[PDB]
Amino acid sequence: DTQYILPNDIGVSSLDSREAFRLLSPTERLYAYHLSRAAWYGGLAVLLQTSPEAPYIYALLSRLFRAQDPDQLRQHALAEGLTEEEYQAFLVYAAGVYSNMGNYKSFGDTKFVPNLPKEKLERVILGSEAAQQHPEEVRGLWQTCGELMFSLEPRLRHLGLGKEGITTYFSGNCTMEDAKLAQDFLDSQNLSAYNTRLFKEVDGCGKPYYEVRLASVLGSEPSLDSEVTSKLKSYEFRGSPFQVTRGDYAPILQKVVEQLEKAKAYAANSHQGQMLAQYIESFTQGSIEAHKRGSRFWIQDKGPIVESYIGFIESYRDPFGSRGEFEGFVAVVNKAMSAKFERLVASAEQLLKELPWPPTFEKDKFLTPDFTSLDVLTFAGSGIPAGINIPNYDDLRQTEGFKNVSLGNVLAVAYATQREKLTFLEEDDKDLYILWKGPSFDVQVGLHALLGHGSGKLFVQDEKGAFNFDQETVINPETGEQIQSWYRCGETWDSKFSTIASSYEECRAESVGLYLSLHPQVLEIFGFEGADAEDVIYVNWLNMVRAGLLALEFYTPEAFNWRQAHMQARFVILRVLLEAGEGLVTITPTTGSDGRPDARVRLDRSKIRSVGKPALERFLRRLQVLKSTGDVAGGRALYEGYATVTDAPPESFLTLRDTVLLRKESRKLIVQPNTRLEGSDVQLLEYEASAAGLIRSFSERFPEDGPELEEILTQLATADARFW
């Protein structure tokens, strides 16, 4: 319960993937094997996308645990004066770095440090077997990342632009001003920011020069592609010098495409074969257009037995909100659980009409999307989600299609329901909570992805200003006047709304979730029918307003900034429901049984349909309108209004926040399995649900080129050392 540290007794759970793996054919297993290898390899790039010291820390930890496993290192550490508690703190820290691919939390963007004396850890590291075998490599790493491993200077505590934040999407001297200037340049050149970073170097005269570096295997040398290499030049944008380069994470992405090529030899069909070819093209040249073509092929691969997606996909941890963090997952379709979601798709087109906006703001043609339940074998990157809506290419979402994915074996881990852990709830609600926490999620997730992220028309204009809608007929339902604002050529959702783009869209989807959860037909699809159907509704709403309070952990008062998109979104919904008044929801600061400050969330079950629905319907309509028209000014005025955290009566949120932090619970670490090629078969390796078990899972993750990866990450970090 201390900030910027991971507790020793932090929860660790193992991903359950054994049964899903057993059903796979030999060809499918080899397919999943190489894709997993490609994912895990690219996942290392997240280290470079997190903090300057992160690649060094991973290299140091990987060197340490290759020579001595957690039990071998224990005997050395304890012989050096460390207590078992202090050694446990180190194991938890290392598992944290592994599970996040960095020394910052993927959920909250806060730094975490080892919970033990630095000089004690030094004796362990410098006296380790890894140090005895490679004293130069180890002493160099400790000299480099040692201080930053423990430093909790205010400017290092959170991720972000400016001087009071850390980011490696940008050089250290970059600000929001620079990021905005870069995005305008990118938009004008029709160049996606997903696989790019921005570096600003001043000259001898103090004049800044901007480098937009794309991620690719290939560097400045001539290649077969012209779509990217024609962009590899110097520019003049508004007096500012710009240069588009590539070759970011080149040797890492080289490892990735090696495995994508091998996986391509086991593709079940031409859709899988061609999507992998485009991914290879994308990761080799640095073309998002190529990744788009791959994504287009990927959507056409419906109901696969082994589902996968890889690349610089989500843009949450970019403080500007346009650059993508690398991720890659490999999962097995769960035919049984995927049934309830396909029943939702079967009635999805109908349910879209129930949404609080006219079809002029809805997509033209309903494309029947793929919604499946998946059992994860591999999810590389900073963290694991519960459900996904992908691809994030909006031009594909409303013209080609999109896939919906629910990670069933991940949901099971999140169902860790303990009575003691349920904070800010009355005794009457705790029992109802545990009973329907699971079912309500499946319902919420189902609406969040399919009808949430999958709904909404975007107004666009091409190189000649003709619209994908009809300006002469379409009317803004909030003003009554014709459409005034829209998206121009090169503009995306992330490019316009930038810093609030992720939270805004997540809030819109979450609102659709609560809204359409009142629909009895939907309650049938998941099958609750009666009193149970009334119960899952209350719990879903109860969880939301509870989540809105818990969200205060992920807000930074000194920076007036939200750090987590989903939690900020849930705080907004709470503020909206609080705005409706009439005693629908109240927050009451109390005193806990332990004698510490506490709080209680009161939600009147009866006023959910009478007060709650008109509150959301009004709010949800204003969201979609501003989103469809790209009204960033109105969008920010609306969203950042509810997102405001003050100590105003009667809630006093700034006071509540101190209580939220005091009684906060750390998110579980998740251990993932490995796949090996013993002989001609693929075997699944499983690990202990612990810190040591998680460490072991990464010690066996790269058995062929482990030491090589450490050297690669080290040299890639050293190359960019001047930036921070």
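Residues carry their position along the shown sequence, with the first being 1. Whichever C-alpha set is largest while still superposing within 1.5 Å between the two forms counts as the rigid core.
With 665-673 and 678-686 as candidates, the stretch whose CA atoms show the greater average offset from this form in 5 other deposited structures of this protein after a core fit is 678-686. Between 135-143 and 456-464, the larger mean CA deviation from the shown form in 5 other deposited structures of this protein, after core superposition, belongs to 456-464.
With 104-112 and 474-482 compared on mean CA B-factor from the PDB entry, the stretch scoring higher is 474-482. For the two regions 524-532 and 645-653, the entry's Cα B-factors average higher over 524-532. The entry lists C-alpha B-factors for 343, 292, 563, 575, and the highest of these is at 343. Looking only at 268, 425, 376, 252, the residue with the top Cα B factor in the deposited structure is 425. Residue-level temperature factors show residue 679 in the highest third of its chain, judged at the C-alpha atom. Among the modelled residues of the chain, residue 169 sits in the lowest third by CA temperature factor in this PDB entry.
The entry lists a Cα temperature factor for residue 449 that places it in the highest third of the chain's modelled residues. Sort the modelled residues of the chain by CA B factor and residue 285 lands in the middle third. Ranked against the other modelled residues of its chain, the C-alpha B-factor of residue 148 as given in the entry falls in the lowest third.
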